[PDB]
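**Q**
Number of protein chains: 2
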Amino acid sequence: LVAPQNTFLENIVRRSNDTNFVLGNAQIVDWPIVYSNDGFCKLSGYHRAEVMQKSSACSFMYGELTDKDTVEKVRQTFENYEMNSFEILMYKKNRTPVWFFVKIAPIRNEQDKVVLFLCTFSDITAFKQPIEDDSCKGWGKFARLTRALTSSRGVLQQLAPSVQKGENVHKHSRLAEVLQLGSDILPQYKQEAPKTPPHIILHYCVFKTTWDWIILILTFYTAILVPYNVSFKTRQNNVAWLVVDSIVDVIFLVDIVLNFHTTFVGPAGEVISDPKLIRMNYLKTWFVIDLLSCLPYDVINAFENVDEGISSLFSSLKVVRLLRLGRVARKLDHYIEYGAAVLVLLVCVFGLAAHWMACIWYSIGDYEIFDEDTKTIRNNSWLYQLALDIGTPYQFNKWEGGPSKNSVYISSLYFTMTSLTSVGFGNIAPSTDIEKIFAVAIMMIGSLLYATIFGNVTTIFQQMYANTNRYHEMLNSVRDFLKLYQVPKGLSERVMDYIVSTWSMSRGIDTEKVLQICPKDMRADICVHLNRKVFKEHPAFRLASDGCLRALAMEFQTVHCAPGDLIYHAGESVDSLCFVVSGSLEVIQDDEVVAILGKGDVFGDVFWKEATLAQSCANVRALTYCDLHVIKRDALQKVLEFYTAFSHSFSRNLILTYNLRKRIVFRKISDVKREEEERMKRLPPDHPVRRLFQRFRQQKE
Amino acid sequence: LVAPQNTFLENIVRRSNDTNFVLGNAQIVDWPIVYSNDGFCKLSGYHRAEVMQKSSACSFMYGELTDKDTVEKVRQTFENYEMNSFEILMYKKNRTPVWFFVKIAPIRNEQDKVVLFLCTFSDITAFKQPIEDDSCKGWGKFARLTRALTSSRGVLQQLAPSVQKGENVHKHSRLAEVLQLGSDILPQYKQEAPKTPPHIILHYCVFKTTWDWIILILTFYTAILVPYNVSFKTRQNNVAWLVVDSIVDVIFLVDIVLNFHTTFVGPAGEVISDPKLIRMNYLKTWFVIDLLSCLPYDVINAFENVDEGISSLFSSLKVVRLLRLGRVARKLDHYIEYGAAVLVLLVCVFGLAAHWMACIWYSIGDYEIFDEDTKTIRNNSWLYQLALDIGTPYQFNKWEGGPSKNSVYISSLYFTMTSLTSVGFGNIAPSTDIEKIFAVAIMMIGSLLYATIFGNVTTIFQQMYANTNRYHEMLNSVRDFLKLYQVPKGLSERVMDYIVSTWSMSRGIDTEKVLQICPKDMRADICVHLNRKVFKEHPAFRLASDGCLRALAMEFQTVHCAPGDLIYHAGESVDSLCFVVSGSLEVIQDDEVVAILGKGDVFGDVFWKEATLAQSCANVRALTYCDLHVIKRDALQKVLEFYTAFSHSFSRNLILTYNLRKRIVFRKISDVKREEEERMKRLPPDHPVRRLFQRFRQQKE
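Those protein sequence lines, which keep their order, are chains Y and W. Going by UniProt numbering, the letters in the first sequence line up with residues 10 to 406, 412 to 696, 704 to 722, in that order. Going by UniProt numbering, the letters in the second sequence line up with residues 10 to 406, 412 to 696, 704 to 722, in that order.
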């Protein structure tokens with residue numbers, strides 16, 4: 010998790026080393042200043058706000074002793090863009106002249122251009138010719154001039170008083186710090202990315218992902234095989250297994266070597282890629298135990314071995330991965346995503362634990378069967394009972415071999431496996447004291463791991479089935495509510511269809527919440543993207559600035575209307591302009607169609623001109639599955655009055671397709687036909710209602 | 010999930026094929042235009058807004074060369090409602106005459122009426138007699154006229170330049186596209202439902218619901234029976250089972266045939282019913298595996314079979330349903346709703362798995378008992394131990415049969431069943447190597463399924479008992495709160511009764527939340543339905559328009575008042591009109607009853623006339639369980655001032671039963687009686710208080 014980062018200011022202030030600097034623009038005439046520094050504003054007495062937007066030729070602290078030659082030199086250096094360093098008499102706020110040195114260094118840009126200048130400053134008043142304009146005394150002016158040379162008199166040239174004729178090196182020492190500014194110019198005012206150092210590879214790379222699986226399977230294989238080899242007294246009649254062990258060991262050696270040149274996630278940070286400390290962290294974390302883990306004791310044992318038991322500790326030596334990789338195998342928890350991979354992990358660890366405890370059961374039995382010099386058969390031991398039951402019992406002339419190692423291994427495996435899973439068949443029995451205590455330990459640990467499996471699997475089931483129950487409960491509650499208040503079917507069907515459709519489409523996601531999660535800039539950009547159709551298609555928005563576009567986009571709300579639903583009823587107040595982006599809409603008046611609406615059409619009223627609310631004169635009904643983009647009247651009015659220049663064109667360019675306030679008058683064909691029929695088949706004393714009609718007409722006039 | 014859908018615009022624009030059209034009303038005199046098209050407004054230069062509400066006789070682009078004969082023809086065609094097609098000189102915005110062709114086609118309606126007209130347009134300027142009014146040159150006018158014939162010169166008549174005398178087919182080609190408009194007239198401007206194609210039946214039908222259960226039970230029976238038949242070496246002494254197998258197979262064949270003519274839910278949509286692709290989807294999804302599953306290998310085997318093991322794979326062949334139906338058996342999760350049906354599913358799969366593993370245990374034992382040519386009895390095998398224990402041991406003269419198949423089956427079943435449920439009795443033992451590994455696998459898978467059962471059952475218990483605990487905890491918290499603040503019993507009893515009653519009635523449903531879930535139109539309709547009593551009974555609302563009715567209904571709130579509770583206390587501000595719909599209320603003043611209120615009565619104050627707030631002069635108390643419909647003063651005032659016409663009758667018709675602001679004065683019987691008694695038993706120096714009384718009377722005057 011890293012971002013392209015601009016490290017201009019930080020590098021320049023770190024490299025300054027108690028100096029000063031002033032920044033200026035490069036593609037701009039006369040070069041106004043873009044930045045100043047505390048050291049400068051303290052030495053020159055000019056505040057930062059009053060130096061801003063000043064010529065970078067430094068004309069504003071010129072004076073009588075300034076040389077026009079130096080002015081031409083700084084001008085040709087600025088216009089030719091070259092490194093250089095001058096000394097020239099400058100003037101402070103009190104117009105007192107003080108000896109001065111300067112050096113300029115423009116900086117390039119990632120786009121192959123020069124954008125910013127950089128001019129550094131220094132005082133050499135105490136080491137130059139003494140010049141005074143108006144002072145109480147010569148020594149007083151000298152002390153005043155020397156008092157401003159603290160930076161030069163500091164550790165930069167602290168050895169000057171102890172020596173003589175040090176001027177031959179003071180200038181070089183002063184210029185050495187300034188000359189380093191090229192290193193700070195490397196970013197070139199650009200989003201310099203944190204490039205990886207050479208011969209170090211990211212740990213998220215494809216090669217490392219495919220290397221992690223192979224090291225996992227190899228460590229799994231070794232963890233299985235080693236105890237069987239070490240305890241079951243197997244011989245080395247097969248040489249190929251030594252070749253396999255050698256290639257296995259060299260693979261682990263390659264892995265431990267590769268772990269040097271690989272970045273790791275810092276626990277106190279995010280990503281650390283500094284080779285001066287990556288290797289140190291690895292060696293202080295896991296490298297020594299991994300080395301003492303990764304020595305071929307058995308391969309050396311092919312010639313000679315210092316100890317026989319070293320190959321036994323070689324097991325737990327290889328097991329250090331099981332934690333080094335196993336806890337990092339939470340990165341293996343990346344995609345096996347159908348149920349938690351912790352389940353595969355627990356079943357695998359159950360298997361390997363069963364193998365381990367089968368091995369140690371065999372070890373116990375072999376340690377128990379014989380009585381050494383006592384020559385006692387010790388018949389109550391489990392292995393002798395198994396030998397009697399399996400057939401081919403022991404005999405003596412020396413003693414017979416009895417059972418073969420293959421059957422003994424699997425029988426011990428069953429004992430362990432029936433012990434761990436707590437079925438306890440009862441054919442092969444612990445019968446002596448140490449088998450007794452072993453059964454104790456095995457049954458304890460098996461019960462614990464059994465409980466762990468159950469807890470994990472139950473958590474999975476409850477997490478998978480959580481959402482379905484809540485949705486069904488909400489639906490049932492809605493159904494009960496509609497049943498209670500005697501709602502007719504014609505409306506209950508509509509409400510349940512709406513609920514089921516909106517749940518199927520939107521799922522368990524809130525658009526408003528997702529919007530409010532993001533910050534203001536991302537929110538505005540998302541709004542622009544969501545509403546981009548209406549801006550880019552409707553000609554009324556082709557003169558929109560970014561600010562007005564964003565202020566409008568923040569407000570627009572989208573509406574999905576099903577077929578048959580109505581938007582604006584007759585008699586309702588109209589207060590929202592709305593653009594049609596999909597489907598088609600119709601307007602019905604007095605049970606007659608007067609207009610039909612399609613894509614890229616808007617209908618409403620001129621709020622900014624009428625400046626008053628009005629009654630809707632007709633109903634608008636949905637035909638097809640349509641999408642609407644609605645704007646409220648108050649917010650639109652506020653935005654348009656804020657953006658007067660935009661409104662002067664918005665009012666002229668925006669034309670409504672149909673005005674809800676305005677309504678048409680008309681007649682019907684059947685009505686005029688029946689009127690004609692009635693007139694073919696064709704009040705004198707109606708004086709009061711005649712006067713009524715006259716009064717009504719006069720009032721209407 | 011489908012809806013009645015109007016597909017007028019979409020069909021007409023899809024069928025247009027790069028043409029133009031204009032819509033007009035049919036039951037309306039002179040036929041104003043209801044719709045225009047981009048092609049028309051580009052060719053005729055008239056904007057859409059300025060052509061709307063214009064005569065469909067097209068009089069507004071008439072001119073000097075227009076023929077009155079054609080006017081009469083278009084008029085008689087409009088008034089007789091017949092298909093026809095004319096050519097006539099039209100006029101554009103620049104009044105330049107351009108040769109023109111027209112064709113009209115009115116559209117009917119689902120209610121057996123003609124509602125809309127449809128007139129199409131085309132240009133034939135380049136293929137008619139050249140007529141000019143004012144042009145720079147003849148060839149210039151010819152080029153101008155031909156430049157407007159891009160649509161005709163396109164792919165519609167692209168072969169014209171390559172041939173000669175093509176006029177005999179150009180008119181037919183032009184008219185062919187226009188003549189297709191009858192197909193787009195099929196919806197007839199109506200909510201055309203998506204009717205199912207013939208010989209295809211919906212998958213939600215009753216027949217298919219009753220067919221799913223039978224195929225489920227048949228596949229369950231076959232899955233049980235097949236392994237027992239294939240492994241236990243049973244003979245064919247019973248012929249009826251072959252008849253049953255034949256009828257079973259023909260039922261599966263009928264099912265696979267029926268699956269062709271049946272709609273399915275589209276994963277990328279909702280419902281797909283296109284027979285051109287339903288069969289293709291089925292064949293590419295499951296049809297081939299179902300066919301190779303549904304061949305009567307055993308019925309053919311009655312004569313001859315190419316392989317004996319085919320009947321074994323016939324098992325897993327039939328098992329494909331167990332997934333094809335079993336995952337679709339989430340539709341079986343429709344109503345067994347007392348606990349999840351997943352429990353019945355898991356117990357059934359446990360049973361079938363136990364059967365399978367009993368079968369394979371028998372197979373292993375039979376494979377193990379005998380040593381073939383070695384003639385070894387192999388006594389350590391489980392089956393021989395069982396034979397010795399059960400009685401009738403083996404004997405030789412050939413070898414005896416020993417145990418019967420019935421006991422062997424059930425014994426293997428017990429072994430599997432004790433293995434899966436992890437009780438492990440210990441009478442019948444795995445003793446050789448392969449029984450060993452089989453025990454390994456069986457105990458693993460049994461532990462997994464055991465954990466699954468436990469997780470599911472625990473989820474059920476927590477989901478059933480969730481709500482009771484939260485309700486009890488809330489009640490206990492309320493009880494602790496009331497105990498803390500020393501509330502007397504007379505009030506604690508009331509608050510706890512109110513809480514328990516409102517929880518018992520409303521349950522865990524929020525009326526406000528349910529309202530806000532629905533959109534604005536459904537919300538308004540619900541409000542109208544909930545408050546319909548007061549509108550339809552009270553005469554004051556019998557002059558209410560739909561808009562005012564809805565604007566009022568949005569605001570009304572219902573109140574359930576228990577007996578004994580008070581609504582408006584003396585001294586409280588009155589700010590809400592309220593209608594009584596059930597029960598009865600009384601008003602008490604100075605501990606005397608002045609009025610009683612019943613059904614269909616309203617009480618409050620005239621807010622629209624007083625235009626000021628007032629103090630309540632009396633208390634109103636509940637008598638019976640009553641329901642109130644309350645309206646706030648501000649919203650009512652806003653609505654009535656919005657709807658002036660409604661208010662002019664609402665003020666005149668609405669009369670209060672009792673005015674809270676107005677209060678009556680009176681005397682008491684006991685008071686006047688005691689005054690009469692006192693007067694029967696009957704101040705001169707009280708000058709200051711006499712002056713006080715005089716001043717008070719003068720102030721009151």
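C-beta: ideal position from N, C-alpha, C; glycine also.
Give the DSSP-derived three-state secondary structure of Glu722 of chain W in the structure shown.
**A** For the purposes of this step, residue 722 of chain W is taken as the residue at position 701 of the second sequence. In the structure shown, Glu722 of chain W falls within a coil segment according to DSSP collapsed to helix, strand and coil.
**Q** Kindly identify the DSSP beta-bridge partner or partners of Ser94 of chain Y.
**A** What you label residue 94 of chain Y is simply residue 85 of the first sequence in a count that begins at 1. In DSSP, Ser94 of chain Y forms a bridge with Y:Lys112.
**Q** According to DSSP, which residues form a beta bridge with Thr271 of chain Y?
**A** By one-based count along the first sequence, residue 271 of chain Y stands at place 262. BP columns for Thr271 of chain Y point to Y:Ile210.
**Q** Would you call the region 183-203 of chain W and the region 307-316 of chain W in contact, with 3 or more CB pairs under 8 Å?
**A** no
**Q** Closer than 9 Å, Cβ to Cβ, to anything on chain Y: give me those residues from the region 549-582 of chain W, in chain order.
**A** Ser559, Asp560, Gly561, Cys562, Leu563, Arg564, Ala565
**Q** Starting from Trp413 of chain Y, follow its DSSP beta bridges and name the residues at the other end.
**A** Position 399 of the first sequence holds residue 413 of chain Y. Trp413 of chain Y is bridged to Y:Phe405.
**Q** Counting only beta-carbon separations shorter than 8 Å, does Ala12 of chain Y have a partner in chain W?
**A** Within the first sequence, numbered from 1, the residue matching residue 12 of chain Y stands at position 3. Output row for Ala12 of chain Y: interface = no.
**Q** On the three-state DSSP scale, how would you describe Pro203 of chain W?
**A** For the purposes of this step, residue 203 of chain W is taken as residue 194 along the second sequence, with counting starting at 1. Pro203 of chain W falls in the coil class under three-state DSSP.
**Q** Am I right that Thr134 of chain W and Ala157 of chain W are in contact with their C-beta atoms under 8 Å? What's the rounded C-beta distance?
**A** Position 125 of the second sequence, counted from the start, is the residue given in the question as residue 134 of chain W. Position 148 of the second sequence, counted from the start, is the residue given in the question as residue 157 of chain W. 6 Å between Cβ atoms; contact.
**Q** Please state whether DSSP places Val573 of chain W in a helix, a strand or coil.
**A** Here residue 573 of chain W refers to the residue found at position 559 of the second sequence. Residue state, collapsed to three classes: strand.
**Q** Within the 8 Å Cβ cut-off, does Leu505 of chain Y reach chain W?
**A** Counting from one through the first sequence, the residue named residue 505 of chain Y turns up at place 491. Yes, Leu505 of chain Y lies at the interface with chain W (some Cβ there is under 8 Å from its Cβ).
**Q** According to a CB-to-CB cut-off of less than 7 Å, which residues of the region 40-60 of chain W neighbour chain Y?
**A** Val43, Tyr44, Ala58
**Q** Check whether chain Y comes within 8 Å of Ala465 of chain W, counting only Cβ atoms and requiring the distance to be less than that.
**A** Position 451 of the second sequence, counted from the first residue, corresponds to residue 465 of chain W. Yes - at least one Cβ of chain Y is within 8 Å of the one on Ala465 of chain W.
**Q** Given a limit of 8 Å on CB to CB distance, which residues of the region 475-495 of chain Y reach chain W?
**A** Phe475, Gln476, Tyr479, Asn483, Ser491, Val492, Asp494, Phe495
**Q** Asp641 of chain Y: which of Y:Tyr423, Y:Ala565, Y:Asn545, Y:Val607 sits nearest, CA to CA?
**A** Here residue 641 of chain Y refers to the residue found at position 627 of the first sequence. Taking only the C-alpha atoms, the option nearest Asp641 of chain Y is Y:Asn545.
**Q** Please state the DSSP three-state secondary structure of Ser45 of chain Y.
**A** Position 36 of the first sequence, counting from 1, holds the residue named residue 45 of chain Y. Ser45 of chain Y falls in the coil class under three-state DSSP.
**Q** Hey, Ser94 of chain W and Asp132 of chain W: beta-carbon distance below 8 Å or not?
**A** Stepping through the second sequence from its first residue, residue 94 of chain W is reached at position 85. Stepping through the second sequence from its first residue, residue 132 of chain W is reached at position 123. Result no, Cβ atoms of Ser94 of chain W and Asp132 of chain W do not sit closer than 8 Å.
**Q** For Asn470 of chain W, would you say it is in contact with chain Y, using Cβ-to-Cβ distances shorter than 8 Å as the test?
**A** Mapped onto the second sequence, residue 470 of chain W falls at position 456. For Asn470 of chain W, the answer is yes, since a Cβ of chain Y falls inside 8 Å of its Cβ.
**Q** Does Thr473 of chain W have its Cβ less than 8 Å from a Cβ in chain C?
**A** The structure shown contains no chain C; the protein chains it does contain are Y and W.
**Q** By the 9 Å beta-carbon criterion, what residues does the region 430-459 of chain Y contribute toward chain W?
**A** Those would be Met431, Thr432, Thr435, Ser436, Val437, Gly438, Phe439, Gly440, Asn441, in chain order.
**Q** What separation, rounded to the nearest whole angstrom, lies between the Cα atoms of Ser68 of chain Y and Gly614 of chain Y?
**A** Counting from 1 along the first sequence, the entry for residue 68 of chain Y is found at position 59. Counting from 1 along the first sequence, the entry for residue 614 of chain Y is found at position 600. Near 60 Å, if we compare the C-alpha coordinates of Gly614 of chain Y and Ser68 of chain Y.
**Q** Run through the region 445-509 of chain W for me and flag every whole alpha helix (DSSP H) of 4 or more residues, listed as ranges in chain order.
**A** 447-498
**Q** Please name the residue in Y:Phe452, Y:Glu487, Y:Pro284, Y:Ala455 whose C-alpha comes closest to that of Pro206 of chain Y.
**A** As a first step, residue 206 of chain Y must be located in the first sequence, where it is residue number 197. Ranking Y:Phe452, Y:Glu487, Y:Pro284, Y:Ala455 by Cα distance to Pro206 of chain Y puts Y:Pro284 first.
**Q** Does chain Y have any CB closer than 8 Å to the CB of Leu332 of chain W?
**A** Within the second sequence, the letter at position 323 stands for residue 332 of chain W. It does not; no Cβ of chain Y falls within 8 Å.
**Q** Three or more C-beta pairs under 8 Å: does that hold for the region 360-367 of chain Y against the region 425-433 of chain Y?
**A** yes
**Q** Residues in the same chain with beta-carbon distance under 6 Å from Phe323 of chain Y, minus the five sequence neighbours each way, listed in chain order, please.
**A** Indexing the first sequence from 1 puts residue 323 of chain Y at position 314. Counting only Cβ-Cβ distances below 6 Å, and skipping sequence neighbours, we find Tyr306.
**Q** Just to check my reading of the structure: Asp264 of chain W and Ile224 of chain W have Cβ atoms closer than 8 Å, yes? What is that Cβ distance to the nearest angstrom?
**A** Numbered from 1 along the second sequence, position 255 holds the residue referred to as residue 264 of chain W. Numbered from 1 along the second sequence, position 215 holds the residue referred to as residue 224 of chain W. So it is a contact: roughly 6 Å between Cβ atoms.
**Q** Would you be able to state if there are at least three C-beta pairs under 8 Å between the region 468-482 of chain Y and the region 346-354 of chain Y?
**A** yes
**Q** According to a CB-to-CB cut-off of less than 8 Å, which residues of the region 514-536 of chain W neighbour chain Y?
**A** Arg521, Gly522, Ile523, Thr525, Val528, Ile531, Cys532, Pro533, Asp535, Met536
**Q** Quick check on the DSSP output: the alpha helix (DSSP H) that includes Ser25 of chain Y runs from which residue to which?
**A** Within the first sequence, residue 25 of chain Y is the residue found at index 16, counting from 1. 17-25 is the extent of the alpha helix (DSSP H) around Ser25 of chain Y.
**Q** If you run the structure through DSSP and keep just helix, strand and coil, what is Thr79 of chain W?
**A** Counted from its first residue, the second sequence places residue 79 of chain W at position 70. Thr79 of chain W falls in the helix class under three-state DSSP.
**Q** Excluding the five sequence neighbours on either side, which residues of its own chain have a C-beta within less than 8 Å of the C-beta of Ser433 of chain W, listed in chain order?
**A** Looking up residue 433 of chain W in the second sequence gives position 419. Contacts found: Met366, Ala453, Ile456, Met457, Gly460.
**Q** Any chance the region 664-674 of chain Y sits against the region 603-619 of chain Y, with 3 or more Cβ pairs inside 8 Å?
**A** For the pair of segments examined, the region 664-674 of chain Y was found to touch the region 603-619 of chain Y: the number of CB pairs separated by less than 8 Å reaches three.
**Q** Excluding the 5 residues flanking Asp380 of chain W on each side, which residues of the same chain have their C-beta closer than 7 Å to its C-beta?
**A** Along the second sequence, one-based indexing puts residue 380 of chain W at 371. The answer, listed in chain order, is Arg387.
**Q** Answer yes or no: does any C-beta atom of chain W fall closer than 8 Å to that of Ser587 of chain Y?
**A** Position 573 of the first sequence, counting from 1, holds the residue named residue 587 of chain Y. When Cβ-Cβ separations below 8 Å define contact, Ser587 of chain Y makes contact with chain W.
**Q** If you compare alpha carbons, which of Y:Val111, Y:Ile116, Y:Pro196, Y:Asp375 is closest to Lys180 of chain Y?
**A** Translated into the one-based positions of the first sequence, residue 180 of chain Y becomes position 171. Ranked by Cα distance from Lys180 of chain Y, the first of Y:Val111, Y:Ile116, Y:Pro196, Y:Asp375 is Y:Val111.
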